[PDB]
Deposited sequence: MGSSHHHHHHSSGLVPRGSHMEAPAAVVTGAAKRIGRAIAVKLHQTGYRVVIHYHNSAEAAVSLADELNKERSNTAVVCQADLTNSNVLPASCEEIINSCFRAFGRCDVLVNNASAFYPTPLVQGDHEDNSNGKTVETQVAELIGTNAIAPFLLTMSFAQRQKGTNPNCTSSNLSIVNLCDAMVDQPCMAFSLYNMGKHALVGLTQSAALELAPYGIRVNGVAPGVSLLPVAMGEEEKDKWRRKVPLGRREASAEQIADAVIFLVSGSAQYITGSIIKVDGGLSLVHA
C-alpha cells in the first residue's frame, strides 16, 4: 500500500512542487490550502488523472486562535480518512511580511499570522501527527537559511522561523523513541514574492554565489524528498540549507 503525506500550503509555489514530487515518488497526498481553492482542486485533479484516488484537498486557516488545535487535528484526520494512514507531514504554509518595531492589521493579528502559521500550527500538526500513530515516518519543516542575517523590519517573521528551528530540534528529540524523524529544509532565496518587481528580484539574484539565481521550487522539493526517503533513515534534528551559498555572503 502506498504511503500518504500532508503538505500544508500545497496549492502553489514551493508546497505544490513538494506535493507533486511526493506524488511522483509514489505518495498519496493531502493538498492543504487556505485561500487558493481553485489552484488546490486543480492540482488534485491533475494528480488523480495520473493515478486515481491519490490526492485530496483540505481547507484550513492556520492563523493562531483558540480553534487552531482543532483545525490542525482535522488536517491530520483528513489524511487518515482518505488514505488510512499518514506517513509524512510537511510544514510548508507560511505568512511573510514586515512588522516594523518603530511606527494594515492589528499587532495581535500580525502575531497570530506570523507566529501561528510559521510556528504554532507546525507544533499542533506535529502533536496530532504523532498522537494518531498506531514504515518510515517523518516530518519536514520549511525553515529559512537567512534567519541569522534577517531582512530589516521582519522581527515577527524571524521569531516564528527561529521557533520552528526549536520545534524541529525538540520534536526530533521527543519523537525519536516512536521512530518519527523530524528535520528541516532551509531555502535562501527561492521563488521570489509575486508582489516583488523584477528589479528587486534581480538585486537578490545577484547576491547568490552559486549561479546568481534563486532556487527553483523543484530544487527545494528535492531536499524534502531526500529527508523523507530511506536514504535519510538515521537523520533527525537536521536542517539542510538549500541556498546556493547566500548565507555565506557578508554584507
Counting from 1 along the deposited sequence, give me every gap where there's no C-alpha, start to finish. 1-21, 125-132, 164-171
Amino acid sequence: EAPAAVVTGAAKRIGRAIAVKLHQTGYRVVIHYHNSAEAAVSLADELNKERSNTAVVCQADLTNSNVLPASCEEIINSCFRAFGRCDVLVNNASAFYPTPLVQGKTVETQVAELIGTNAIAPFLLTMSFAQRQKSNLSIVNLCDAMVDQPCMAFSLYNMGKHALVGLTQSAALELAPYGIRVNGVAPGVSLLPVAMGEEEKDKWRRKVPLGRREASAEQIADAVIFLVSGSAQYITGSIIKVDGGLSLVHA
From here on, numbers count along this sequence of modelled residues.
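Note that the rigid core is defined as the largest set of C-alphas that superpose within 1.5 Å between two forms.
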Between 204-212 and 61-69, which has its CA atoms farther from the current form in 9 other deposited structures of this protein, using a rigid core superposition? 204-212
Looking across the other entries that model both neighbours, is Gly104 missing in at least a third? yes
Quick one: across the other PDB entries of this protein we compared, is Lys134 left without coordinates in at least a third of them? yes
For 209-217 versus 192-200, entry-based mean Cα B-factors point to 192-200
Higher-scoring stretch by recorded Cα B factor average, 143-151 or 76-84: 76-84
Sort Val182, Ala70, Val185, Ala40 by C-alpha B-factor from the entry and give me just the highest. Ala40
Tell me which of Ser138, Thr99, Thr168, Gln133 tops the list for C-alpha B factor in the record. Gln133
For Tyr178, the third of its chain into which the C-alpha B factor falls: highest
So, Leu47's CA B-factor, relative to its chain, sits in which third? The highest
Place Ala2 in the lowest, middle or highest third of its chain's C-alpha B-factors, as listed in the PDB entry. highest
Lowest, middle or highest third: which one holds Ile225 when the chain's residues are ordered by CA B-factor from the entry? middle
Could you place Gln110 in the lowest, middle or highest third of its chain by Cα temperature factor, using the values in the record? middle
